[PDB]
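Same order as they appear, the protein sequences are chains A and A'. A prime marks a further copy of an entry chain. Quick note: the first sequence uses the entry's author numbering, first residue 1, plus one each step. Quick note: the second sequence uses the entry's author numbering, first residue 1, plus one each step.
Protein chains: 2
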Amino acid sequence: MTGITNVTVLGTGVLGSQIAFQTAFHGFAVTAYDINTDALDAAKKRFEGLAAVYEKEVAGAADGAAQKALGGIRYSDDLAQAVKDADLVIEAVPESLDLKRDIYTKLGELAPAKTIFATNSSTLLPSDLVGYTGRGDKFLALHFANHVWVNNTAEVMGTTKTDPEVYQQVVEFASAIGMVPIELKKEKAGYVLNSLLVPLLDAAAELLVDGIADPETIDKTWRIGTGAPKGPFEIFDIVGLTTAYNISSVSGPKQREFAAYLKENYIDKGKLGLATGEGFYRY
Amino acid sequence: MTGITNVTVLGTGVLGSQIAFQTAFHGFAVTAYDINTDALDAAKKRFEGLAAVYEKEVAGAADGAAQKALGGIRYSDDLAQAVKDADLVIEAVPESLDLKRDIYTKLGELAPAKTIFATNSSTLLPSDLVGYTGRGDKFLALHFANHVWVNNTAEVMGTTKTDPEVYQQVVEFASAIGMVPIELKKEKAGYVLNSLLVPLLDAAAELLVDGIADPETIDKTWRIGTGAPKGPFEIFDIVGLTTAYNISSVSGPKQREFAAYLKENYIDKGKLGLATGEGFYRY
Ligand SMILES: NC(=O)c1ccc[n+]([C@@H]2O[C@H](COP(=O)([O-])OP(=O)(O)OC[C@H]3O[C@@H](n4cnc5c(N)ncnc54)[C@H](O)[C@@H]3O)[C@@H](O)[C@H]2O)c1
Ligand SMILES: NC(=O)c1ccc[n+]([C@@H]2O[C@H](COP(=O)([O-])OP(=O)(O)OC[C@H]3O[C@@H](n4cnc5c(N)ncnc54)[C@H](O)[C@@H]3O)[C@@H](O)[C@H]2O)c1
């Protein structure tokens, strides 16, 4: 008769907690899973943080609505119990092939037949994981963006093996929790958004490193030329220069030249971007 | 005592006429140069078109101000006479190495010593031209965008040989005619704007060709993810699919795959973008 009602999220970190909370906020029955009681205690702290954020930032969260969502969440550190009646499992464990491999094999065994599996992985492709799951027709990617309550896209990307009626029901779940479903047709590293954004940021980095123009110039050129609200380097500051450095340092020669540039001129000086109050720009 | 007053523009085509007119509109003494009286007649028609546009679209152009600028422009099809008292020459002849080569050698000989030379070339690098000029310390690029009155950037890009006091005076001329100077430090193919934009559009094209996602999806992902007003394919429509095809067809394998895609699905059907009323989107 009915579809997705019970959702279990694996991991209560930065994205796990946001995913779980947004889902609870939209009336699903949520279980947050993590490794031990200390991780669960820390999860609860995040959920209380999110609740506060929602009551100030999110439509409909005022006057106790965010607290009620908070209070309704269940915590579990026993995977078997955590997914026992799960309609959907959203996996946001650390970005580690080994650690996700471990997770899915167990999850494939412990979760009832009905359960749809969805990974939030940034870099690990579903195909890289579909094996360990044991239910490829029910395994796909549901990829969120940090600050899901306002950057509310959910990229839906399955494998060739993925069942279309499952894919569609994930899409509809995404709408149910207030996301804009971004539907990919074939698997793709970086889904859509990162696929578009990285090339822009790389081109900007090259201009800076090769001494063609300063950040301000590059940024105003982009805002004026495309009408965008923020230029590449303003975007770097939002992404965070530590993240930008990590990514830059594992790519072609030119990017690595940028990573070294970030390290010397920003990272080493403690100018990590927006969150810390100064990166390419002072805030 | 005084600086740039007399400006001669070589070519009265799409960008030559806009450059000349904006410059006349801001009080410089402008001579428009073209090859014969028939080209000059057509120049006059464009200038009258621009005058109409300015009176409806441009601050300060109403109540005869745009007509007065129009009336003050001089036409010449004799290069010697055209640049005889020129402080600045802006070159917007066809994008043709041979045709610009011809131009600069003559111009180097005919223009008084004081004259600064500036090319509006998109693809031809200044260094590719500095030779034929004979005044490398007074030769640089001043690159405009189509619809200069509203897309009012002017990318200033010189050669290693370029004289810094000349570069700065071009920058100040750019401000004088209401442009936002985009100052490049070293030469770069595509200056700043195209350098940033092409990679974004290419990444979008790849997603479309490889069947990862449809235009709408890719566009909404970009607008939502970056807050930009327009997605890649809306931008393609603005650029014009004929232009996009030309550029796509002379680049790496993946782009060529896109060019063929444009040709089959849009060009061959007469869907050329915004100007004709339909491209990726119907307008
Ligand atoms: N952080 C982002 O901006 C972002 C964006 C999109 C997708 N993602 C993806 O989400 C996942 C990373 O999550 P995050 O960085 O947002 O939070 P995080 O990495 O800070 O937290 C990881 C969560 O998993 C828990 N955990 C640790 N070991 C575990 C295990 N052995 N089994 C089950 N849980 C375990 C941690 O305690 C924590 O609750 C990766 O797939 C990453 O690619 C992150
Ligand atoms: N069109 C754009 O969007 C755009 C943008 C930036 C830069 N540019 C650059 O401007 C130049 C092209 O100008 P356009 O396409 O805007 O106008 P156009 O090419 O339509 O017109 C060319 C002008 O040069 C004239 N001309 C032809 N032969 C000539 C010659 N032998 N000697 C002198 N003049 C001659 C033509 O009659 C016309 O007046 C190129 O350098 C191009 O890269 C164009």
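All residues carry an ideal CB built from backbone N, CA and C; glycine is no exception.
How many angstroms separate the CA atom of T162 of chain A' from the CA atom of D34 of chain A'? Approximately 27 Å, taken between the alpha carbons.
Run through the region 8–66 of chain A for me and flag every whole alpha helix (DSSP H) of 4 or more residues, listed as ranges in chain order. Runs found: 14–25, 37–57.
To the nearest whole angstrom, what separates the beta carbons of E165 of chain A and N120 of chain A, a pair I think is in contact under 8 Å? In fact, because the Cβ distance is near 22 Å, the residues do not count as touching under 8 Å.
For residue 299 of chain A, the first and last residue of its enclosing beta strand (DSSP E): Outside the shown range of chain A (1 to 283) lies residue 299 of chain A, about which nothing can therefore be said.
Tell me the rounded alpha-carbon separation between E257 of chain A and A141 of chain A'. About 28 Å.
Mind listing which residues of the region 216–231 of chain A have their C-beta closer than 8 Å to chain A''s C-betas, in chain order? From the region 216–231 of chain A, only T217, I218, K220, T221, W222, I224, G225, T226, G227, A228, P229, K230 have a Cβ closer than 8 Å to chain A'.
Counting Cβ pairs closer than 8 Å, one from the region 179–196 of chain A' and one from the region 103–116 of chain A', do we hit at least three? As far as the Cβ criterion goes, the region 179–196 of chain A' does not touch the region 103–116 of chain A', which means the pair count is below three.
Find the residues of chain A' that neighbour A204 of chain A, judging by a C-beta separation of less than 7 Å, and give them in chain order. Result: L196.
Whole alpha helix (DSSP H) runs in the region 67–125 of chain A with 4 or more residues, listed along the chain? Correct list: 79–82, 97–110.
Would you kindly work out how many angstroms separate the C-alpha atoms of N36 of chain A' and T12 of chain A', rounded to a whole number? Looking at the two C-alpha atoms, the distance is approximately 11 Å.
Less than 8 Å between the beta carbons of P126 of chain A' and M157 of chain A', yes or no? At a Cβ-Cβ threshold of 8 Å, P126 of chain A' and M157 of chain A' count as neighbours.
With the cut-off set at 8 Å, would you say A86 of chain A and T8 of chain A are in Cβ contact? In this structure, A86 of chain A places its C-beta atom within 8 Å of the C-beta atom of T8 of chain A.
Locate the alpha helix (DSSP H) running through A259 of chain A, then write down its first and last residues. Where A259 of chain A is concerned, the enclosing alpha helix (DSSP H) stretches over 253–265.
Would a check of beta-carbon distances place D87 of chain A closer than 8 Å to chain A'? Closer than 8 Å: no.
Just to check, is the beta-carbon of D34 of chain A' closer than 7 Å to a non-hydrogen atom of ligand 2? True, at least one ligand heavy atom lies under 7 Å from that Cβ.
Can you check whether the C-beta of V171 of chain A' is within less than 8 Å of a C-beta belonging to chain A? No, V171 of chain A' lies away from the interface with chain A (no Cβ there is under 8 Å from its Cβ).
Who are the near neighbours of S17 of chain A in its chain, counting only those whose CB is closer than 7 Å to its CB and skipping five residues on each side? Answer for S17 of chain A: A43, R46, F47, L50, listed in chain order.
Three CB pairs or more closer than 8 Å across the region 254–269 of chain A' and the region 222–237 of chain A: In short, these stretches do not touch, since the Cβ pair count stays below three.
Would you say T105 of chain A' lies against chain A (beta-carbon separation less than 8 Å)? Chain A places no beta carbon closer than 8 Å to that of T105 of chain A', leaving this residue out of the contacts.
Is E48 of chain A near ligand 1, with its Cβ less than 7 Å from a heavy atom? For ligand 1, not one heavy atom lies less than 7 Å from the Cβ of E48 of chain A.
For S76 of chain A' versus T31 of chain A', is the C-beta spacing smaller than 8 Å? Their beta carbons are under 8 Å apart, which means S76 of chain A' touches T31 of chain A' by this criterion.
Is it true that the region 272–280 of chain A meets the region 126–139 of chain A', where meeting means three or more beta-carbon pairs spaced less than 8 Å apart? Contact between the region 272–280 of chain A and the region 126–139 of chain A' is absent: fewer than 3 CB-CB pairs across the two stretches fall below 8 Å.
Quick one: residues in its chain with C-beta nearer than 8 Å to the C-beta of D98 of chain A', no 5 flanking neighbours on either side, listed in chain order? Taking C-beta separations shorter than 8 Å and ignoring five residues to either side along the sequence, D98 of chain A' has no partners in its chain.
Sorry if obvious, but does the Cβ on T12 of chain A' come closer than 7 Å to a heavy atom of ligand 2? Yes, Cβ of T12 of chain A' sits closer than 7 Å to a heavy atom of ligand 2.
Taking the CB atoms as reference points, tell me whether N152 of chain A' and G178 of chain A' lie closer together than 8 Å. Their beta carbons are under 8 Å apart, which means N152 of chain A' touches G178 of chain A' by this criterion.
Length-filtered (4 minimum) alpha helix (DSSP H) runs lying within the region 197–240 of chain A: Counting whole runs of 4 or more residues, the region 197–240 of chain A contains the alpha helix (DSSP H) stretches 215–226, 232–239.
Close Cβ partners of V209 of chain A' (< 8 Å) along its chain, the five nearest in sequence each way excluded: If we look at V209 of chain A' and ignore the five residues flanking it on each side, its Cβ neighbours are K254, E257, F258, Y261.
With respect to the beta strand (DSSP E) encompassing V180 of chain A', which residues constitute its N-terminal and C-terminal limits? Note, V180 of chain A': beta strand (DSSP E), 180–183.
Going by beta-carbon coordinates alone, are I73 of chain A' and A24 of chain A' separated by less than 8 Å? Contact: yes.
Spatial neighbours of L10 of chain A within its chain, please: CB distance less than 6 Å, with the 5 preceding and 5 following residues excluded, ordered by chain position. Contacts found: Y33, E91, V93.
Taking DSSP's pairing of strands, which residues face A174 of chain A' in a bridge? Answer is none; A174 of chain A' lacks a bridge partner.
What residues in its chain sit with their C-beta under 8 Å from that of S195 of chain A, if we drop five residues either side in the sequence? A distance below 8 Å between beta-carbons, with the five flanking residues on each side excluded, links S195 of chain A to the following residues of its chain, in chain order: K188, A189.
Note down, in chain order, every chain A' residue with its Cβ under 8 Å from the Cβ of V180 of chain A. Simply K220, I224.
Taking any Cβ of chain A', which residues in the region 97–130 of chain A have a Cβ under 7 Å from it, in chain order? Residues of the region 97–130 of chain A whose Cβ lies closer than 7 Å to any Cβ of chain A': none.
Which residue marks the beginning of the beta strand (DSSP E) containing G158 of chain A, and which one marks its end? It spans 153–158 - the beta strand (DSSP E) in which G158 of chain A sits, taken as one unbroken run.
Give a yes or no on whether 8 Å exceeds the smallest Cβ distance from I212 of chain A' to chain A. Put simply, the CB of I212 of chain A' is near chain A, with a gap under 8 Å to one of its CB atoms.
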